[PDB]
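Visitor: These protein sequence lines are chains G, A, B, C, H, D and F, in that order. Under PDB author numbering, the first residue of the first sequence is numbered 4, with each subsequent residue one higher. Under PDB author numbering, the first residue of the second sequence is numbered 387, with each subsequent residue one higher. Under PDB author numbering, the first residue of the third sequence is numbered 387, with each subsequent residue one higher. Under PDB author numbering, the first residue of the fourth sequence is numbered 387, with each subsequent residue one higher. Under PDB author numbering, the first residue of the fifth sequence is numbered 1, with each subsequent residue one higher. Under PDB author numbering, the first residue of the sixth sequence is numbered 318, with each subsequent residue one higher. Under PDB author numbering, the first residue of the seventh sequence is numbered 318, with each subsequent residue one higher. Below you'll find the structure I mean.
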Amino acid sequence: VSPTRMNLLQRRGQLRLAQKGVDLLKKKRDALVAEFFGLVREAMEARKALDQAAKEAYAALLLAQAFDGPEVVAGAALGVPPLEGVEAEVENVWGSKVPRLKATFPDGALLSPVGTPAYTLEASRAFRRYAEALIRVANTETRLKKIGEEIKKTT
Amino acid sequence: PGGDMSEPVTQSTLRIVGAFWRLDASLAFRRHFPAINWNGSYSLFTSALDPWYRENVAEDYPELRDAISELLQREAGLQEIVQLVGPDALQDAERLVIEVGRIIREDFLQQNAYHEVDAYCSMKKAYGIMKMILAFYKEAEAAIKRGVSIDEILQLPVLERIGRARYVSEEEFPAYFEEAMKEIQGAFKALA
Amino acid sequence: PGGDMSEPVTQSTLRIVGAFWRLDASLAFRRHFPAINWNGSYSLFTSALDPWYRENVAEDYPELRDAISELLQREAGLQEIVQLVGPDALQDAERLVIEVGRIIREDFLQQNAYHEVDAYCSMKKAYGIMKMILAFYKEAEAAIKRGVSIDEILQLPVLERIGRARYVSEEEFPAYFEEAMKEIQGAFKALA
Amino acid sequence: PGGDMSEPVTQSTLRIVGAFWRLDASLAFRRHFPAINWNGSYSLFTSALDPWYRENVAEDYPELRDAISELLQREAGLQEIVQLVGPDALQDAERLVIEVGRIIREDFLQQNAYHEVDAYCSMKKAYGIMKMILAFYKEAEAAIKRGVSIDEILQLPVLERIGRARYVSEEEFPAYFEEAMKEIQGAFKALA
Amino acid sequence: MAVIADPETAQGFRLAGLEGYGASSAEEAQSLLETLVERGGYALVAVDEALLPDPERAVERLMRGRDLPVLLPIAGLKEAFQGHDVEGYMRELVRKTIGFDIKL
Amino acid sequence: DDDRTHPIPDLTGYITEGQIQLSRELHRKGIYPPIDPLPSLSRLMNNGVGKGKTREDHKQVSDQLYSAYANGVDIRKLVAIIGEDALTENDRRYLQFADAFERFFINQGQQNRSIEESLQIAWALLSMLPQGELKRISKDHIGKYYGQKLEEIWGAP
Amino acid sequence: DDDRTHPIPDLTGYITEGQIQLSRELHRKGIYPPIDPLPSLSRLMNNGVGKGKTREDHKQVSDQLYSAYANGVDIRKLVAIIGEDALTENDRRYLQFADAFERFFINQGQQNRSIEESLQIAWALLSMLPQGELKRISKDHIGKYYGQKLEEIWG
């Protein structure tokens, strides 16, 4: 940098631009924190709903395993077809792309049209609703993680 | 001496001339000519020549010139953020302004003094180029709000039609202009 | 010339003066007067003045002054918390010191020169106000380990006794001081 | 004056001298003596001394010197990345390059003028030290391809052998050199 | 999706069509988890919280450049019938994210 | 060279009582006169305003306009990064206030406006902001002047 | 002190008809000759080149090389802020073009290249860019010389 008056003015203009950029990035960090502090509340609500789902599904499975017998429960488990009906579509948030989990969850494709076992069918229903809540929990938590990473990158 | 514009002769000349055409070394390094610094240049004869321009060129020519100046000012405003967070952090409505400013800078302002055709340019040719650029910008601005991603727009073949209108001869320009204006509408209706 | 204390006159003055009352326009923007930056100011006469203070004002005056300065310092060390996380989300032990810092900034470090009695403040009055504020602070802290809602503490009527101690007259201050001394204890014993 | 390399005495000297040994205050602060800036220094006699080197120390000495210079250049290139992106963001090869550059900087370039042994270093001792460092680098870059983690390589006991090598006396160095030339291969052969 | 848990309740997960697995301890858990991260096709893996509280960092050496499979911990039998501090878990998320540990 | 530390601008500020600074960006946007209200200042303003002369609501209106324009200017820069949809309602109203302010108040052209017309336009611009956010103005003047629409100058800019 | 604004180089540039400026950065990387192309200039270049003198595509190739090298050097400054992994696909082409240009066109050693070989190398370097981005070259020369791969010369 050769010392001239024009270069001095150019340096002072750069200092002004740097200060204004610092303030603008501070405002962006404020907005990101504002989004994060609500996303965490939604995630907490989803987790505490998933806990109740776990309670009732585990109660149903535990009661069905003893009364009916593990043999018929296993037979129903082989009877039920496996499902891979999840499509990882990608959601755009804050200039970055995150995966969003969408579940197909078809009805009527499963076996046992009527409940020939006494309690296994209810346990299957409870665990299916468990999966339906678990996908929501994962969906909110991944967005929380990405927003946190953006906050760290800005700071 | 050394490009220092605070020289006594440079400062004395600044206080008596009516127009000031400042040149930049950074533009001459990358072979961008005439290398006029848009930010540091000015002219005081702009407001007095409007009655001549309206009668001899077109009725809306000063409005087009002011719109071009406003676009250049807006592009100059956004460049402080591009240096700070990169070009990709901008929204598509601002990326459109950046790309239109780049198109204006590389097409309208740039001129080759040694080329066989581009060395001389009449006022009506420049008016046609300005009209084409503003029509493209308006169509692109309308397309963004409809839902088209900007990466679709800046690959249309009409960009090469615009970008090579410099080398069209003076006698052949009216047909090229009327073809390009129809091509703009033909291209921008098929996006979404 | 521009707020830069690097000019020759300011260094030449700083080398010999015994006190330095740095003003700031930021506190004037908030209409907080006197607008004195208490973080950049200093004084070199404190060490030689306390044999006068603890003989003509009160025996506990110097230690009370250092306690008040420590309380002011602790509020300034939490700014990088509040500028990132919202002020209301903080813990009780930090919200308490933030509120006591606000109380200091608004009820002790603020003065009205156009008021009838607030324009001039004596040492006994200032000592009484500082004792009043520390009596509030210690009992609020002790209530915090006792375990209560912090919002109830911020609502208690002794806040009015804190604020209205400025505008009491000089000759009738001690009765007000004794009343507030019994009142803060009575109010915090009434709290659960 | 003040470390300014643009003053006339330095500039008049640089136009006639054949070698330029630039010192740095940053290296002197951290006690990294002789504190020669290996990026700003140069020598114009390197090409004319190679026939003497090929006869008096080894035929492969210039190649080893060029390899060490290339490693230092790569290390300097990565030092701009590590400081503001984070050392963990680098891949295994880049972390290995950084660690080998640190080993070169601390074990070979550094020399203590007051130690009873390190004050003087012969040519063959330095040649053996470069052979040790480059043999270690080759073995490490070969072992990284086998999936070994980098921090397991930094815990290898053979690192201390290279570190203490410059303190070995001139007469005892050839015996130490062969033991190092066996241990370097042995440790990396037994390493996963 | 895939889910590893206690061997008592993997039958509940295959009862809903999920690819449930049973794990007895931490070493079986991390080996099996590495097996689910090496092959492709599945987009979500669930791990018992009492078995492996950090399902992603235990394998982070393998997806330093991809994040398609979501790795997430869930409550097991020991937490389901008596409850556990999900508020403490979320305070821990705030711990790793902001770094200040402030909330009321 | 636009250097405010140059001796001629430096010594003039030591003898004079404020300054009015023209802006090049406002001139390039086509606004005339290009008077930028942020760095401009009049030091004897408080002695020539208040009841007994001009109008009694002058000072508070000027302060409110200054603060609102200062907010809108930085909201306008924040928009370019975070997008318009990420803002709250108040930030969008501040942005629109800044745009309408630059469009109507500063850009008067060759009009000869009296003080009453300027105050009317100022109160019309403040009406776009919601009531209660006008912190610097007392309720007495707000209950007297707030509420007029912009149509007087909006119909003929 | 490598200062271009020193009075002696300043007046020499004002008097002479161009200059050849060496670069210390290219010297540190081992490139010989270390000629910096951007600050260099030749005023009488237009008189001695063109059709019937050297070849018909000389000037346009020179202009395109200048523009592409300037773009690559500009991208090198963006990489220092956002990191090279966050670049678009287009900018990586310019970055690799700049690196290959510095490593092959400038660096030649003591060999004596003819004008035809230099133009062949220049056309091989321009072929790494998309055909639609050669704005300064007429389509007649593009249809005649484009498409040649750099490995055909050094392999």
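C-beta atoms are modelled at their ideal positions from N, C-alpha and C, and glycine is treated no differently.
1. Does the Cβ-Cβ distance between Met567/A and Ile548/A come in under 8 angstroms?
2. Would you kindly report the start and end of the unbroken alpha helix (DSSP H) that includes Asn95/G?
3. State the Cα-Cα distance for the pair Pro53/H and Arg393/F, rounded to the nearest angstrom.
4. Give a yes or no on whether 8 angstroms exceeds the smallest Cβ distance from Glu525/A to chain D.
5. Alpha carbons only, please: which of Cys507/A, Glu546/A, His501/A is nearest the one belonging to residue 584/A?
6. Can you pull the DSSP bridge partners for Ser359/F?
7. The beta strand (DSSP E) spanning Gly367/D covers which residue range?
8. So, for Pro351/D: in the same chain, excluding its five sequence neighbours on each side, which residues have a beta-carbon less than 6 angstroms away from its beta-carbon?
9. From the beta carbon of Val534/B, is the nearest beta carbon of chain H less than 8 angstroms away?
10. Using 8 angstroms as the limit for Cβ to Cβ distance, is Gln465/C near chain F?
11. Helix, strand or coil, according to DSSP, for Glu445/B in the structure here?
12. Could you tell me which whole alpha helix (DSSP H) segments of length 4 or greater appear in the stretch 503 to 535 of chain A?
13. Run the CB neighbour count on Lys575/A, radius 10 Å, all protein chains shown included, and call it buried at 16 or more, exposed below.
14. For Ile454/D, which of helix, strand or coil comes out of DSSP?
15. Count the C-beta pairs between the stretch 349 to 367 of chain D and the stretch 328 to 339 of chain D that are closer than 8 angstroms, then say yes if the count reaches three, no if not.
16. What are the uninterrupted segments assigned as alpha helix (DSSP H) that are 4 or more residues long and contained completely in the stretch 388 to 415 of chain A, given in chain order?
17. Using a Cβ-Cβ cut-off of less than 8 angstroms, give me the residues of the stretch 87 to 104 of chain H that come near chain B, in sequence order.
18. Is there contact between the stretch 471 to 482 of chain A and the stretch 501 to 516 of chain A, where contact requires at least three CB pairs shorter than 8 angstroms?
19. Please state the DSSP three-state secondary structure of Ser5/G.
20. Determine, using beta carbons only, whether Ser392/C comes closer than 8 angstroms to chain F.
21. Taking 8 angstroms as the threshold (C-beta atoms), are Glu49/H and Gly76/H in contact?
22. Indicate whether at least one CB of chain H lies closer than 8 angstroms to the CB of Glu144/G.
23. Using beta carbons (cut-off 8 angstroms, strictly below), is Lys346/D in contact with chain A?
24. Do the stretch 424 to 433 of chain D and the stretch 446 to 453 of chain D touch if we need at least three Cβ pairs shorter than 8 angstroms?
25. Taking 8 angstroms as the CB-CB limit, is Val395/C close to chain F?
26. Considering only DSSP beta bridges, list what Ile454/A is partnered with.
27. What is the rounded straight-line gap between the Cα of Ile422/A and the Cα of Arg408/A?
28. Can you tell me the Cα-Cα spacing of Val534/A and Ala573/A, whole angstroms?
29. Please list the partners that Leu476/B has in chain H, where partner means a Cβ-to-Cβ separation under 8 angstroms.
30. What's the call for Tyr61/G, buried or exposed, on a 16-neighbour Cβ count within 10 Å?
31. Output yes if chain G places a C-beta closer than 8 angstroms to the C-beta of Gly549/A; else output no.
32. List the residues of chain C whose Cβ lies closer than 8 angstroms to the Cβ of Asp318/F, in chain order.
33. By DSSP, does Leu15/H sit in helix, in strand, or in coil?
34. Comparing C-alpha positions only, which one of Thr158/G, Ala134/G, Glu153/G sits nearest to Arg14/H?
35. Under a three-way DSSP split, which group does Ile539/A fall into?
36. May I ask you to list, following chain order, the residues of the stretch 373 to 401 of chain D that have a beta carbon less than 8 angstroms from some beta carbon of chain A?
Guide: Let me lay it out:
1. no
2. Segment 89 to 96 is the beta strand (DSSP E) holding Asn95/G; no alpha helix (DSSP H) there.
3. 43 angstroms
4. no
5. Residue 584/A is absent from the model: chain A starts at 387 and stops at 578.
6. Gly335/F
7. Unbroken run through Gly367/D: none, as it is neither H nor E.
8. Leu339, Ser340, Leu343, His344
9. no
10. no
11. coil
12. 509 to 532
13. exposed
14. coil
15. yes
16. 394 to 400, 411 to 415
17. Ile98, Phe100, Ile102, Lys103, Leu104
18. no
19. coil
20. yes
21. yes
22. yes
23. yes
24. no
25. no
26. Answer by DSSP bridge pairing: none, since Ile454/A is not bridged.
27. 6 angstroms
28. 13 angstroms
29. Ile102, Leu104
30. buried
31. no
32. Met391, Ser392, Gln397
33. helix
34. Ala134/G
35. helix
36. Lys394, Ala397, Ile398, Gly400
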